[PDB]
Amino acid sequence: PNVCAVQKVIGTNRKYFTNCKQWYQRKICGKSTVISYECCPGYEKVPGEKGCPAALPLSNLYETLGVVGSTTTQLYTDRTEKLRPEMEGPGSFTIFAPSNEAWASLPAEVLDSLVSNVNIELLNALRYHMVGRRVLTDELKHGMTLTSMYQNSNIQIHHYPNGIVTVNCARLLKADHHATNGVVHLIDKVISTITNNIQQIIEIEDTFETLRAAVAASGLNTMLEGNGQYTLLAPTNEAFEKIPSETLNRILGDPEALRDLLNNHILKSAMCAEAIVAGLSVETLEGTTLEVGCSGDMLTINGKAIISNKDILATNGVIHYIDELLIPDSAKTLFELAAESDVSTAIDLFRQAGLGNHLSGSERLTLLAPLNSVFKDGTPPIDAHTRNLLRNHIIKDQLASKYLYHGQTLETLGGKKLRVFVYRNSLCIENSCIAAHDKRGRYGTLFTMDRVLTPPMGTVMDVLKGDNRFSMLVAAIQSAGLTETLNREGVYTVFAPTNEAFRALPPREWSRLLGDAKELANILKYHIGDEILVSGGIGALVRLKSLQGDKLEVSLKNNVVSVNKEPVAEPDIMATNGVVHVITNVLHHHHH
């Protein structure tokens, strides 16, 4: 009875006093916890009965400070010789009472303001912690302000979805201790008035002179002066200095890159550090996601403990000081955003082939970079041939793969025109298909691909004529009158049977070709799809209309293309007027 829980991280005095819950966080900021049991606010154990069945009497607000252990608050209240009669007297009051540890751990700046004029400033601080009406935590809505009893100065309230409540980012430790004339809330810090907006803090602090100048040049000072709830992850001078000067001046002197940079430090609502007890994904005003988390008493951004000062309060939100600059992809060159990524091998090869200048400056390009796993079994060598192929992985203009359309053509720096194939569940450029989301830089975009491109060199007939396995196919095509179809412009998919395929036909099948050139033509045309289906465009099952009219059933299973239950021996031989897939038996006519 009257049952409450204490969750202590081990090593500390960091405690979360709660209503007993049914699911408790195993770890708080990566540090495991022990759980304990206390009696709830205002109840005491009697020996021989379990729980805490006895309620304690209410007392006035001054006395309740003692009941919750806020004895320094009492001592200082008694010192003022003014406020204790008010706390014992008529009215309805809230006090956010700092804990003894809070008063004993004053930041040097609040100690400074008190010791200047001790009697008056202690009375003012104590009044700032109070409100002239009772307010329970049920009435503490996120983002509200309460008017304190010091000069009508606002107190800022946050009430996060995980139940943590903060008062000027001080954590509310023990809530809703009723008094005969109000309520006592025990808080974790001594709070002070909030007099500057975010822009004013930028303009005051010498650690933000570089940020200040960037904000001014971008024109963002208007927003940071305005009404709003923001978190600024404010980069210090030291953060900017860690960036090579040629990178930084490139970003700061370009209005689009400068604005994306600054926006990538701003979140759309105010977030006190004490809110964060596990990983949380947030989105910046630039659009990038950051992983906010924590390790002990250190806030982390993407796992890196780069927050050197937490919870600097402004009238329009919260500032946390950050030691590294959060450069978004949209401010980067292609080399900057790709060199340490899933395509870093491919990026290294562009560099070794003398093509790095395309990636390191302001050229408007799209880069087709295969994944590192493509090069698991080795890298091509740095020739003129590899150089030339790599130049044909560099596209003119900055593109977004999602806005590409079927039949679009892309011009390369090697002078080639590559074909875009848009299928239902994949996007391919020639034989190679997009394998991850774009990374959009300032001037160029990285497309991550699953394969090295193989640009076409000749027509279908050039392909078939160049390989000894298709001599019967080439002769049959001529005999069937199909040769010039397959050497002129088109979008064919040729399931090309080898010589062993034709010799495997039984006599009853072969003898249907004898004296019947139109039957040979009909058979060959059944092997020719009327649109280009590279293997990366094949899902569970796709119908492809042949030139004979009936449809082929094409599927991909265990990374092998099949057509009418015939596996492809060698896929994706690209041609200027189609794609060739090799098969080792002739296709059987199916069901329509």
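Numbers follow the displayed sequence, beginning with 1.
Visitor: Which is higher on average in the deposited entry, the C-alpha temperature factors of 55-63 or of 22-30?
Guide: Higher mean C-alpha B-factor: 22-30.
Visitor: Can you let me know which of the two, 40-48 or 551-559, has the higher average C-alpha B-factor in the entry?
Guide: Higher mean C-alpha B-factor in the PDB entry: 40-48.
Visitor: If you check the C-alpha B-factor for each of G481, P506, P235, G515 in the entry, which is highest?
Guide: Each of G481, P506, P235, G515 was compared by C-alpha B-factor; the highest is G515.
Visitor: Quiz for you: based on the deposited Cα B-factor, which of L349, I187, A436, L258 is highest?
Guide: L349 has the highest C-alpha B-factor of those listed.
Visitor: Considering every modelled residue of the chain and its Cα B-factor in the PDB entry, is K416 in the lowest, middle or highest third?
Guide: Its C-alpha B-factor, which the entry lists for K416, ranks in the middle third among residues of this chain.
Visitor: Would the CA B-factor of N13 place it in the lowest, middle or highest third of its chain?
Guide: Its C-alpha B-factor, which the entry lists for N13, ranks in the highest third among residues of this chain.
Visitor: C-alpha B factor of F375, ranked within the chain: lowest, middle or highest third?
Guide: According to the entry, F375 has a C-alpha B-factor in the chain's highest third.
Visitor: Grab the CA temperature factor for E121 from the record and place it in the lowest, middle or highest third of its chain.
Guide: Middle third, going by the recorded CA B-factors of the chain.
Visitor: Going by the entry, which third of its chain does the Cα temperature factor of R391 land in?
Guide: Ranked within chain, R391 CA B lands in the highest tercile.
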